[PDB]
Each structure stands twice: as structure tokens, then as C-alpha cells.
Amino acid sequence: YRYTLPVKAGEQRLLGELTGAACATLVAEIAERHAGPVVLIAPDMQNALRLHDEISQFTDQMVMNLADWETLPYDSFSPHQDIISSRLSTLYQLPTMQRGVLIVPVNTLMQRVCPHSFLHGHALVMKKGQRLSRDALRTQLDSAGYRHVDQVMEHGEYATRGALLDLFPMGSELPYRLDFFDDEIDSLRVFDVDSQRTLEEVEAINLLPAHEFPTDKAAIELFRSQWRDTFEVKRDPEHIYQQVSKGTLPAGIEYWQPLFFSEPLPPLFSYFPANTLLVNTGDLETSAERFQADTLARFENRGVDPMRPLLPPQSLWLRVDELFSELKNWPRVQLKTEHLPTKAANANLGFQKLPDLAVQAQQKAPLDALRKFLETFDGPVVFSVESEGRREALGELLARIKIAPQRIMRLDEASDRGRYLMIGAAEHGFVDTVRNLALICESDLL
């Protein structure tokens, strides 16, 4: 390899001369080289979701996103229950993550989180044949924040119907149906929410709390006390204090999350294993500054409602200088598009933009540009395509100029001067001039 990976706290490596999907190939390579997890910091949400799908193409290591709440700061609305489930799962497993890539956008990385000690402290496991009564389980579920419904359809719900208890654990893809004989769990079975029908039997399940904050009697008492240390209380029933005191979670309650905890919310960095390598794209400083400014604007413009006085931004988000202070504890690879000058910490990787390969599909000399490239380029060329199907809108089309792409799911399988086919989300291609390989995505042809 043309670069070593940084290891010391605060030690940077800058990799330059990147274009298109090259970044995704590099994060995949880094995750494969690094014994330990990799946390990829993307400048914003659009890039983080793009990078998730692209990196997945080029590695068989797990690629996960820490899901953002997807509300704006001090939103009048609460996050989608599927997002909360995904976040709780990801946060819960993060400290023991050994390999793979966790992608976190800048805005998300700056948001303070519940402490891992809360997740584990409110977690529940149960096993078949284990001594649990339906009534005993219900009381734990209520304190854990779960909502008692007649029929379970969403995460964070449970239903008590006769001798059964249904529940949809936060942090689980599926819901479960438990039957009880003699105050022990007779069985646990996946079930399907749409048909409400029992499927496969399972040995055991784990549940996480229904929110990223406690909502039991003690936490409500804490919330009330800390609310009074901070804000006024009005009598009106639509006042946040009044609602939470009655056991009701108002929409948007997430932005008073700190009031449910007796200590300040930690940085997300507190979850990262000691052997974590950071990687980032874009301009982390300008992205962080833009978010900080954005979060202040939300505070200033939304802080005028006497029913909903807001906590200061520092209670929920790192300042930019705090973010860079946290970053100093970790080795980081910075991925840059530009050609870098010679420096101890810099390596250029040799990716260049593809030439003009655009088709003039109104037939004159239509594929003339693709043609001349394929005849001239004497390394492997790998076409990239979004589906297993439309691998033939292209692949049947490539049989027209004597190209029959062999197909692989690994870049390192492309030997010699072969033409190849890959399925994945890679948006734009490149020419790796060091390895002498070209990737061509559909978007480069159109």
C-alpha cells in the first residue's frame, strides 16, 4: 500500500487525489486493513447515506449508520419509532464492536447521547422455560417505557391478550409472542405484525428501553426537579412539565432529554472502543461550524413559547471546539479530492476522472466515446450497475460491441485486461492510475 494507517491519538493521515466512488473503495480497504472498528464521519446526512450503500459494495464487513433522529433541533415532533429502535441497537453494540464501519454524519456526531450505562441498566433478557409471569413482565415493560396497546404494530409496544404477551422490542427487527404456563415462559415466537400470525420459535430475546431516556416514576421525579432548577412552570395542561408529570410524553420531548438524567449527556465518543480508527470526508470544520450555527438559530427562533421553554444547545450538542478536542484522542484518516503536496502525513492515491464517455443515443456515432476508451485502456474495466436485473440493460448492450463482462463481487478479482460487471450503488466511476483499473458507473455513460 502507498500509505500506512495512523495509530496514535490525534495522528492524521491525508489521502488525496480521490474522485467519485474511490472514497467508498478506500473506506472499505481501511476497514479491512485496520484490526478494530472504523468510524466514518461524513459532512452531512446526504453523503452519509450515499457512503453507506457505496462502501457496502466493496466490502463484506458490516456497514452501519448511526441513524440521526431526523427531526430539526427543538422540533415540535418526535422521531420515527424505527429510527429510535435502530439508534438504540447501534449505540448498545458500539462499545464491543470489533470490526466494520460505523458511519456518523457531523450533525449526529456533535449531538450528545444517553450514556451506555443507561441502555444496559434498563435492558431485559428472557429465555424459554425461565420463571416469568405475564403480570411480572408487564410491570417491567411499563417502567422501561413500553406502550400498552391492544395490538402490537410498532417498536416500543406490548399487548396483554389472555395468556399471551406480544411485544416489539426496541433494537429488534421483529416482534415476539410469549406464552405463559405456570409463571414461566412456555415459548417465544417471532410473529408478523400485518397478519398477526405466529412464525418461528426462538430461544431468547433482549429488549432495550423504549426511549433514549428513562420514563419511570423516579425519572419523572428527577425531570420535575431538574425542570424547576432550570425553568418556570405554568398551570396550563399543555405545559411540558404538566404533561410529563401525568405520565404523558409530549411530541418533541426528545429535546429535553438531558432533564431525565442526573448527569450531563456524554459525547458519542464515550462509546467508541479504544482501538477505533476515524476516517472522514469533506471539510469537518466548516460542516461543524455550519451545524453549530444552525443549532443556535433553532434555539433563538423557537425559544419564545411559554409552554415549551428550551434547554441551551450545550446541553444536547458539542461545541465545535469541544468536537475537535474529542477528535484529538483518535487517529484519523482524512480523505481529500484534491491533489496534495508532499508532506509527512500526505499520500496521493492516483484516481482521476473518467474521460467524456457520454452517449449520443440518437444514433450517429453513438458509443464512439465508450468504444475508443475500451480499446485504449489496457487494465481491467469494471462496469457498475445498481440492480441484478439492469446488469443486462447494460450487459445485453455490451454484447453488441463484443464485450461480455465476467461478473465478480470483489475488485481484487479483476485481473489483467478483463471486462467486468459489479452490482451496487456506486454513483460515479474513476480511473485508478496506480492499479491501472477503471470503474464505470451507469451515470458516467448517461
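When you see a residue number, it is the position in the sequence shown, counting from 1.
In this entry, the higher average B-factor at the C-alpha atoms falls on 5 to 13, of the pair 427 to 435 and 5 to 13. Comparing the deposited coordinates for 271 to 279 and 341 to 349, the stretch with the larger average C-alpha B-factor is 271 to 279. Ranking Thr230, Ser262, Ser78, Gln140 by Cα temperature factor from the entry places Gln140 first. Among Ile240, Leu188, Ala136, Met97, the highest C-alpha B-factor recorded in the PDB entry belongs to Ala136.
The deposited CA B-factor of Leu26 belongs to the lowest third of values across its chain.
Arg161 sits in the highest third of its chain by CA B factor, as recorded in the PDB entry.
Among the modelled residues of its chain, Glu201 has a C-alpha B-factor that falls in the highest third, as given in the PDB entry. When all modelled residues of the chain are sorted by CA temperature factor, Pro258 is found within the middle third. Among the modelled residues of the chain, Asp356 sits in the highest third by CA temperature factor in this PDB entry.
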